[PDB]
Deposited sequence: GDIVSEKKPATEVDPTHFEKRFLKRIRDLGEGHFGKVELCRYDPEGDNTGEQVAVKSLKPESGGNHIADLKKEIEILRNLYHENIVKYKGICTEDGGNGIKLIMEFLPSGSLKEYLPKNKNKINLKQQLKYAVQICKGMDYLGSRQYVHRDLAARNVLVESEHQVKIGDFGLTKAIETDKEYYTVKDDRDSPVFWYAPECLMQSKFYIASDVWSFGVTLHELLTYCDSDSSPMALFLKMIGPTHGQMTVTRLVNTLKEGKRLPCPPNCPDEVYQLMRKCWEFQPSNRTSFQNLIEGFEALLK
């Protein structure tokens, strides 16, 4: 018997956890005994097969306490992951403000950075780092929860050149990704800076990177939105300091948003910077 082999017949659909354009994740019960006592699992399916197969192979081989656990496959193929009942920071933060203070926020930040630095050391760029993809394991632990856009960087090359970019999360993206479709580890650092802004605003929809940028550049530009975004970033405009966020935290955030990738902070430097603020 293979414990990572999940039979489709026992995999009971409960609800949607999220989706992209081509894939979806659902909460399911794997219930082989049929009595509703089976384990809850997160199941990723296509709504492209080769891409999901690559994602499975990446995730199966990542081992870090801040990276969501692979459980198996169902075979067309589905990825089976651990289900985290507290959900993402998007669900958790708005419901738990009273519980979660700046110190815990900075601990989550460190954990995301550690997860990401592990990923980078395996020569991967993530390309989709955002609060909605950060899972809450407990009040004291988070995990990177999705790897749908994750790509290997070729050895002795510094970046991945993207071809499919229709559904890019532009408001989380560094200027080089917007302008040239080149994706660096430094590009993941930029995205982390935005993700940190979300964490500091408790994922409030009205303070979201999209809502805020569209206020800055104008919401009615259609196909010209990305050029206007790039232009606004060229001018040196950035997301503003979240309420109640100390300038020292905001400055670490700003080093994530240097225009040139070469001048950005790294995940190692962020971890040092946050750990210093904690003790």
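Check: When the deposited sequence is counted from residue 1, which ranges lack any model?
Finding: Several stretches lack coordinates - namely 1-12, 60-65, 94-98, in sequence order.
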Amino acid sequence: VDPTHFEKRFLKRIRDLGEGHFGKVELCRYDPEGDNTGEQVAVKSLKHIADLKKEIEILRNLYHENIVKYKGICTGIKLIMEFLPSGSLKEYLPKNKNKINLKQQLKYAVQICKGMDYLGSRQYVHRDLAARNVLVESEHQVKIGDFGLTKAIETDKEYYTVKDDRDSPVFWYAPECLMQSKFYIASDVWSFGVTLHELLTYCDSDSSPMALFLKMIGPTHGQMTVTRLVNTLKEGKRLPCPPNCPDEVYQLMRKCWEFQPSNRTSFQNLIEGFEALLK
From here on, numbers count along this sequence of modelled residues.
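Think of the rigid core as the biggest set of C-alphas that the two forms share within 1.5 Å after superposition.
Item checked: Stretch with larger C-alpha RMS deviation in 9 other deposited structures of this protein, core superposed, 10-18 versus 262-270 -> The stretch that sits farther from the shown form in 9 other deposited structures of this protein is 10-18.
Notebook entry, point to check: Fitting on the core, do the C-alphas of 163-171 or of 181-189 deviate more in 9 other deposited structures of this protein?
Noted result: Per-stretch check in 9 other deposited structures of this protein: the more divergent one is 163-171.
Note to self: Quick check: 204-212 versus 124-132, which has the larger average CA B-factor in the record?
What the structure shows: If you average the C-alpha B-factors of 124-132 and of 204-212, the larger mean comes out for 204-212.
Next item on the list: Taking the mean of the C-alpha B-factors per stretch from the entry, tell me the winner out of 264-272 and 15-23.
Entry: Result: 15-23.
Next item on the list: Between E137, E198, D146, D164, let me know which has the highest C-alpha B-factor in the entry?
Entry: Comparing C-alpha B-factors across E137, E198, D146, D164, the maximum falls on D164.
Notebook entry, point to check: Taking the values straight from the PDB record, which of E158, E82, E176, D117 has the highest C-alpha temperature factor?
Noted result: Checking the PDB record, the top C-alpha B-factor among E158, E82, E176, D117 is at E158.
Note to self: Can you tell me whether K107 has a C-alpha B-factor in the lowest, middle or highest third compared with the other modelled residues of the same chain?
What the structure shows: Lowest third.
Next item on the list: Compare the C-alpha B factor of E65 with those of the other modelled residues in its chain, then answer lowest, middle or highest third.
Entry: Tercile = middle for this residue's CA B-factor.
Note to self: Is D188 in the lowest, middle or highest third of its chain when residues are ranked by C-alpha B-factor?
What the structure shows: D188: CA B-factor falls in the lowest third of its chain.
Next item on the list: Please rank the C-alpha B-factors of the chain's modelled residues and tell me whether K71 sits in the lowest, middle or highest third.
Entry: It falls in the bottom third of the chain.
Margin query: Is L59 in the lowest, middle or highest third of its chain when residues are ranked by C-alpha B-factor?
Written below: Answer is lowest: the recorded C-alpha B-factor places it there.
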